[PDB]
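Protein chains in written order, with my numbering: chain A, 70 to 187; chain B, 1125 to 1274; chain C, 280 to 490; chain D, 4 to 62.
Ideal Cβ placement from N, Cα and C applies to all residues, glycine included.
For reference, the structure is listed below as structure tokens.
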Amino acid sequence: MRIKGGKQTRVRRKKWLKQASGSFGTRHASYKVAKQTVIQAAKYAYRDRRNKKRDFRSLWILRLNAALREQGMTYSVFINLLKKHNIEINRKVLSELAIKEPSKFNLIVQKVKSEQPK
Amino acid sequence: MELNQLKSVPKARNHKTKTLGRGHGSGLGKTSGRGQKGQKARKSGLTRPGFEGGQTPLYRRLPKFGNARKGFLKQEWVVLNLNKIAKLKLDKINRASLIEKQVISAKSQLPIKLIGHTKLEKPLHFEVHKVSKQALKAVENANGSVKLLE
Amino acid sequence: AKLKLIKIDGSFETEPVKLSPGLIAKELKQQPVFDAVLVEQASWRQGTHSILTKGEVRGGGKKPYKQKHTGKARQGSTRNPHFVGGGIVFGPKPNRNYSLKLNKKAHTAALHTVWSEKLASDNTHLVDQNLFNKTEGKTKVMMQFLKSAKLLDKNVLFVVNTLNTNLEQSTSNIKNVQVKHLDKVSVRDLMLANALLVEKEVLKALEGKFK
Amino acid sequence: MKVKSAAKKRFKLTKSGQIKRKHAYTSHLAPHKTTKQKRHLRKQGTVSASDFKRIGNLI
RNA sequence: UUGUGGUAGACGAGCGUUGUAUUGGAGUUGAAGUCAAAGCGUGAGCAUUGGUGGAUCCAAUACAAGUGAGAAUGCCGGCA
RNA sequence: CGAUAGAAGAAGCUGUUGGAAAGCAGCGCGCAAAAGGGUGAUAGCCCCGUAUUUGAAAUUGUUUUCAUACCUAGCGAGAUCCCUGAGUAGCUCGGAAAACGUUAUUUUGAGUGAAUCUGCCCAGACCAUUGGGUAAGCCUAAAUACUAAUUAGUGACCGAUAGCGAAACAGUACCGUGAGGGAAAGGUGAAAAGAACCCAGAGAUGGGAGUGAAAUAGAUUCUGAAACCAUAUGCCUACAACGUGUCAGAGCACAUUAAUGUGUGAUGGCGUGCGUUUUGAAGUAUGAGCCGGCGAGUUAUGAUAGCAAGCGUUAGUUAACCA
Ligand SMILES: [Mg+2]
Ligand SMILES: [Mg+2]
Ligand SMILES: [Mg+2]
Ligand SMILES: [Mg+2]
Ligand SMILES: [Mg+2]
Ligand SMILES: [Mg+2]
Ligand SMILES: [Mg+2]
Ligand SMILES: [Mg+2]
Ligand SMILES: [Mg+2]
Ligand SMILES: [Mg+2]
Ligand SMILES: [Mg+2]
Ligand SMILES: [Mg+2]
Ligand SMILES: [Mg+2]
Ligand SMILES: [Mg+2]
Ligand SMILES: [Mg+2]
Ligand SMILES: [Mg+2]
Ligand SMILES: [Mg+2]
Ligand SMILES: [Mg+2]
Ligand SMILES: [Mg+2]
Ligand SMILES: [Mg+2]
Ligand SMILES: [Mg+2]
Ligand SMILES: [Mg+2]
Ligand SMILES: [Mg+2]
Ligand SMILES: [Mg+2]
Ligand SMILES: [Mg+2]
Ligand SMILES: [Mg+2]
Ligand SMILES: [Mg+2]
Ligand SMILES: [Mg+2]
Ligand SMILES: [Mg+2]
Ligand SMILES: [Mg+2]
Ligand SMILES: [Mg+2]
Ligand SMILES: [Mg+2]
Ligand SMILES: [Mg+2]
Ligand SMILES: [Mg+2]
Ligand SMILES: [Mg+2]
Ligand SMILES: [Mg+2]
Ligand SMILES: [Mg+2]
Ligand SMILES: [Mg+2]
Ligand SMILES: [Mg+2]
Ligand SMILES: [Mg+2]
Ligand SMILES: [Mg+2]
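Structure follows, in structure tokens:
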């Protein structure tokens, strides 16, 4: 019983080739280089999901910090005032407010500024 | 069960076959379980049985047993044991009766020996070439008897 | 059970035959049945596959190139397994056994349960010598008999004790149906039947064989 | 498989599968051992668990 | 509720190829092969449609293996 | 009774898709024939065949019967006489055969050398008792070993890198003084009906025409994958430090296995391949130019252990062999 390989190697090879579509030259043509690039690309994608979670936080912090310095308050004290006033809002939504709703963002800063903590 | 649906009892037919050459996903790829570059990982094998890497093996270290009856064979005996003979159903135990009960082969001439201590209830009449003194005591403590063929 | 006779015309006899309880078993064994079918499927293998190993294939036992100083890799023969000439490393051999052993009592138990489940069921009618010779040796009459009995698509098996010739002359051009002696039927032939016609003296021989 | 001719003549088996053996250092040079040592080495023993597996397949 | 990094290694559960045995089914109103596409799966993998192709193939339960290729200055053929 | 040529050998039409029916459907028929092959697709009933019944002028094989050669025949008595295998059996010196690494038994290169049924040899040194057997002469069917070849057939064997090295004109082409070593290469179509004829060209050839169901089936002749080489719709690219990807992200161009769609990616953040072997490899260590095929845990006989089934306390189970 001589089992002969055909359509088994080609199908699993073409899957890797399909994944590595849009690469530079031989990186999409040859199966070997395509397989290496897909594995490396998967590693990159894994690492950059974690790094995206951190980098977008940093960007929101930067935007919020800037929005506060125009009014004379700093980020380091704004978050402290937020905690003492029990207000719980993401820096993402706060930055979205300062870019989309200047009046309501200014309302939040006014309350945290001076109103009695709790 | 039909021939289009036939099934074995669970955990009787199929067991995990360890395939040693088909990929790392099975945990038995590349090296195939031999280890790494040593004598046991080559095609030769696992040396010799009893080898100790040059140190004198255990058998070569210990003295040889002695055979007093050199070139001889121990005389085999057919032994009737008292603890189990009660379970067998027969009276007047001779060679012919054992042949009918097929305990002994008709094409055998081995001498019959009686052995045992366990008490028996019904009396039996043995025809034995040899019998122990206390086995005879047990047999004759009941209403049985024993004759010693010569 | 109620095992009833069948006549040549396809009508049923009005007198059913009682069955001794020794034939039917309250306890059924399926693993011995499975092993019996497997050993029947085995031993049907011719096993005439053969291949030429590295030494058996005609070729040059010399080294093609020198061991060193050539840009090519080390080679020892032109008929190595990884060569196109072809030396098969292990390959099938014509010395394989393919045979399996099953105990005599295990086979008896498998046959016992298979008879129990096949018997006392539909299409398990009783047959005699009259229609075994009323066939006249013409397979047209037997086709009519199967049509009347509505057993055309069934793989009916005739179980025969006296090897009637008229019945064997027919049912030989029929790839579907077949006839066997009691000492010739096995577990696999019994449960492939889907329908069977058993002779009364065959049935009497069955209780005797089971013991 | 053949039973090793040296494994036999040196290792006798028992009812429960233990492998009986003889003590060494009982061939010559007697004055270099104490009578306590000699009378302790006269008695027989059994192979240890470190050697039981190696002798089982050897016999 | 306690957990789930992992080489050598131990254990368990599965996928896929070819053929055989039982059942059923599809196919010149177009099977296998083969190419493409913006599908489905936890993974081996599995579908749908269209083009080419011209005659075999599929599903289930078991069984037997020349049964799984990325590397061996591996062999052969082709092409850079 | 066969072998080497042979004879006879049953049973179907209609309609539909189709180039073509044997497929499909309707209504039937034959069978000791439903093995197989061909026939424009997949035929029990179209053809050749198969089951079954038969037949040999000539050569040859086996068996049986009859006759005929050759060989082949029992039980006593008395005599107490003769014959029964010689450089032979033993023994010594060197070797060997037997499971034995030389030793009771068998054999022999050199030397020596017996006895004659109250005899000789043997029963693991050797002696005695007991018992067994007749060396130094010859022939012997059957069961046993194998298949280059002839006939029939089979395969959970291979299907052009496989199977014999050899599907073709293969031990050929070719290599070597020689012995010797030793390849690759199959498929048009049902039928050549193999493309008359016209146009360009010197011609091959190509484009039409024609045959054909199909000519993108055209002799380069089943299907036609990837690497590789060219053409083009769309997007981007000439201040730019790049394991070439990933996460975000404008603009551009389309519309799908309708899916928070697809193609490209100005720009921002991060980012030193895969196997091997090493304490440690991006490695200035190693292996791979790329693509495709092939390429490495098997079989036979036994042992142990795990799991499961059958049979069980005078249990359990057969091997060879026969059907
Ligand atoms: Mg392959
Ligand atoms: Mg591992
Ligand atoms: Mg291991
Ligand atoms: Mg090491
Ligand atoms: Mg290694
Ligand atoms: Mg090691
Ligand atoms: Mg040493
Ligand atoms: Mg070959
Ligand atoms: Mg883990
Ligand atoms: Mg299959
Ligand atoms: Mg297709
Ligand atoms: Mg392989
Ligand atoms: Mg004819
Ligand atoms: Mg005819
Ligand atoms: Mg046909
Ligand atoms: Mg002598
Ligand atoms: Mg020898
Ligand atoms: Mg005498
Ligand atoms: Mg003696
Ligand atoms: Mg004589
Ligand atoms: Mg070839
Ligand atoms: Mg080729
Ligand atoms: Mg020449
Ligand atoms: Mg043309
Ligand atoms: Mg070409
Ligand atoms: Mg072609
Ligand atoms: Mg620029
Ligand atoms: Mg500049
Ligand atoms: Mg820089
Ligand atoms: Mg950059
Ligand atoms: Mg970037
Ligand atoms: Mg970089
Ligand atoms: Mg690897
Ligand atoms: Mg090193
Ligand atoms: Mg180093
Ligand atoms: Mg470098
Ligand atoms: Mg170097
Ligand atoms: Mg190295
Ligand atoms: Mg290199
Ligand atoms: Mg390659
Ligand atoms: Mg076991």
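Less than 7 Å between CB atoms is the rule here; does residue 411 of chain C satisfy it with respect to chain B?
As a first step, residue 411 of chain C must be located in the third sequence, where it is residue number 132. With 7 Å as the cut-off, residue 411 of chain C does not count as an interface residue toward chain B.
Would you say the segment 416-435 of chain C touches the segment 383-390 of chain C, given that touching needs at least three Cβ pairs under 8 Å?
no
Among C/305, C/332 and C/295, the one whose alpha carbon lies nearest that of residue 359 of chain C:
Along the third sequence, one-based indexing puts residue 359 of chain C at 80. Of the candidates C/305, C/332 and C/295, the one whose C-alpha sits nearest the C-alpha of residue 359 of chain C is C/332.
Is residue 95 of chain A near ligand 1, going by C-beta to nearest heavy atom under 6 Å?
Position 26 of the first sequence, counted from the first residue, corresponds to residue 95 of chain A. No.
May I ask you to check if the CB of residue 1190 of chain B is nearer than 6 Å to at least one heavy atom of ligand 2?
As a position in the second sequence, residue 1190 of chain B is number 66, starting the count at 1. Outside the cutoff, so no.
On the criterion of 16 or more Cβ atoms from any shown chain inside 10 Å, does residue 1183 of chain B qualify as buried, or is it exposed?
By 1-based counting over the second sequence, the position of residue 1183 of chain B is 59. It counts as buried.
Just to check my reading of the structure: residue 1253 of chain B and residue 1272 of chain B have Cβ atoms closer than 8 Å, yes? What is that Cβ distance to the nearest angstrom?
Locating residue 1253 of chain B in the second sequence gives position 129, counting from the first residue. Locating residue 1272 of chain B in the second sequence gives position 148, counting from the first residue. That belief holds up - the Cβ atoms of residue 1253 of chain B and residue 1272 of chain B are roughly 7 Å apart, short of 8 Å.
Under 7 Å between C-beta atoms, does residue 1182 of chain B make it to chain D?
Start at 1 with the first residue of the second sequence, and residue 1182 of chain B comes out as number 58. At least one chain D Cβ lies under 7 Å of residue 1182 of chain B.
Among B/1202, B/1266 and B/1196, which has the Cα closest to the Cα of residue 1226 of chain B?
The residue labelled residue 1226 of chain B in the question sits at position 102 within the second sequence. Closest option to residue 1226 of chain B, Cα to Cα, is B/1202.
Exposed unless 16 or more other CB atoms sit within 10 angstroms - verdict on residue 287 of chain C:
Stepping through the third sequence from its first residue, residue 287 of chain C is reached at position 8. Label assigned to residue 287 of chain C: buried.
Candidates A/176, A/75 and A/91: which alpha carbon is nearest residue 137 of chain A's?
Along the first sequence, read from residue 1 onward, the residue named residue 137 of chain A stands at position 68. Minimum Cα distance to residue 137 of chain A is reached at A/176.
Out of C/334, C/387, C/393 and C/371, state which residue places its alpha-carbon closest to the alpha-carbon of residue 364 of chain C.
Counted from its first residue, the third sequence places residue 364 of chain C at position 85. Residue C/334 is the option with its Cα nearest to residue 364 of chain C.
In angstroms, rounded to a whole number, what distance separates the CA positions of residue 186 of chain A and residue 87 of chain A?
In the first sequence, counting from the first residue as 1, residue 186 of chain A sits at position 117. In the first sequence, counting from the first residue as 1, residue 87 of chain A sits at position 18. Taking the straight line from one Cα to the other gives about 59 Å.
Which word fits residue 167 of chain A, buried or exposed, when buried means at least 16 other C-beta atoms lie within 10 angstroms of its C-beta?
Counted from its first residue, the first sequence places residue 167 of chain A at position 98. Residue 167 of chain A should be labelled buried.
Chain C partners of residue 1136 of chain B, CB-CB under 8 Å?
Mapped onto the second sequence, residue 1136 of chain B falls at position 12. 310, listed in chain order.
C-beta neighbour in chain B for residue 10 of chain D, strict 7 Å
Walking along the fourth sequence from the start, residue 10 of chain D turns up at place 7. Yes, its Cβ sits closer than 7 Å to a Cβ of chain B.
Let me see if you follow: with CB-CB separation under 7 Å, is residue 1213 of chain B close to chain D or not?
Within the second sequence, the letter at position 89 stands for residue 1213 of chain B. It does not; no Cβ of chain D falls within 7 Å.
Give the secondary structure of residue 1176 of chain B by DSSP, where H, G and I count as helix, E and B as strand, and everything else as coil.
Sequence index remark: in the second sequence, residue 1176 of chain B carries index 52 (1-based). Here residue 1176 of chain B sits in coil by DSSP.
Residue 1224 of chain B in three-state terms, based on DSSP:
Here the question's residue 1224 of chain B lines up with position 100 in the second sequence. Residue 1224 of chain B sits in a helix when the DSSP states are folded into three classes.
Strictly below 7 Å CB to CB, what residues from chain B border residue 27 of chain D?
Here residue 27 of chain D refers to the residue found at position 24 when the fourth sequence is read from its first residue. Those within 7 Å of residue 27 of chain D in chain B are 1185, 1186 and 1187.
Keeping to the same chain, check which residues put their C-beta closer than 6 Å to that of residue 1153 of chain B; ignore five residues upstream and five downstream.
Numbered from its first residue, the second sequence carries residue 1153 of chain B at position 29. Result list for residue 1153 of chain B: 1147, in chain order.
Proximity test, Cβ basis, 7 Å: residue 1252 of chain B and chain C:
As a working mapping, residue 1252 of chain B is identified with position 128 in the second sequence. No, residue 1252 of chain B lies away from the interface with chain C (no Cβ there is under 7 Å from its Cβ).
Let's see if you can read the secondary structure: which residues bound the alpha helix (DSSP H) around residue 96 of chain A?
Residue mapping note: residue 96 of chain A aligns to position 27 of the first sequence, counting from 1. Residue 96 of chain A -> alpha helix (DSSP H) spans 95-98.
Rank C/338, C/482 and C/324 by C-alpha distance to the C-alpha of residue 377 of chain C and give the top, closest one.
In the third sequence, the residue the question calls residue 377 of chain C occupies position 98. That would be C/324, whose Cα lies nearest to the Cα of residue 377 of chain C.
Rounded to a whole number of angstroms, what is the C-alpha to C-alpha distance between residue 469 of chain C and residue 393 of chain C?
Counting from 1 along the third sequence, the entry for residue 469 of chain C is found at position 190. Counting from 1 along the third sequence, the entry for residue 393 of chain C is found at position 114. Their backbone Cα atoms lie some 7 Å apart in a straight line.
Select from the segment 1144-1168 of chain B all residues with a C-beta closer than 9 Å to any C-beta belonging to chain C, and list them in chain order.
none
Assign residue 366 of chain C to buried or exposed, taking buried as 16 or more other Cβ atoms, counted over all protein chains shown, within 10 Å of its Cβ.
Position 87 of the third sequence, counted from the start, is the residue given in the question as residue 366 of chain C. Buried: at least 16 other Cβ atoms inside 10 Å.
Per-residue DSSP class, three states only, for residue 62 of chain D:
Start at 1 with the first residue of the fourth sequence, and residue 62 of chain D comes out as number 59. In the structure shown, residue 62 of chain D sits in coil (DSSP, three-state: anything other than H, G, I, E or B).
Since residue 1195 of chain B meets chain D, which of its residues come closer than 8 Å, beta carbon to beta carbon?
Here residue 1195 of chain B refers to the residue found at position 71 of the second sequence. The premise fails here: residue 1195 of chain B is roughly 14 Å from chain D at the closest Cβ pair, so nothing lies under 8 Å.
Residues, ordered as in the chain, of the segment 295-323 of chain C that lie near chain B by beta-carbon distance below 8 Å:
309, 310, 312, 313 and 316
Would you say residue 1303 of chain B faces chain D, with C-beta separation under 7 Å as the test?
Here chain B comprises residues numbered 1125 to 1274, so residue 1303 of chain B is not present and cannot be evaluated.
Taking 6 Å as the limit between beta carbons, can you name the residues of its chain near residue 161 of chain A, skipping five residues before and five after?
Here the question's residue 161 of chain A lines up with position 92 in the first sequence. Answer for residue 161 of chain A: 129, listed in chain order.
Need the endpoints of the alpha helix (DSSP H) that residue 424 of chain C sits in, please.
Taking the third sequence and counting its residues from 1, one reaches residue 424 of chain C at position 145. Start and end: 418-428.
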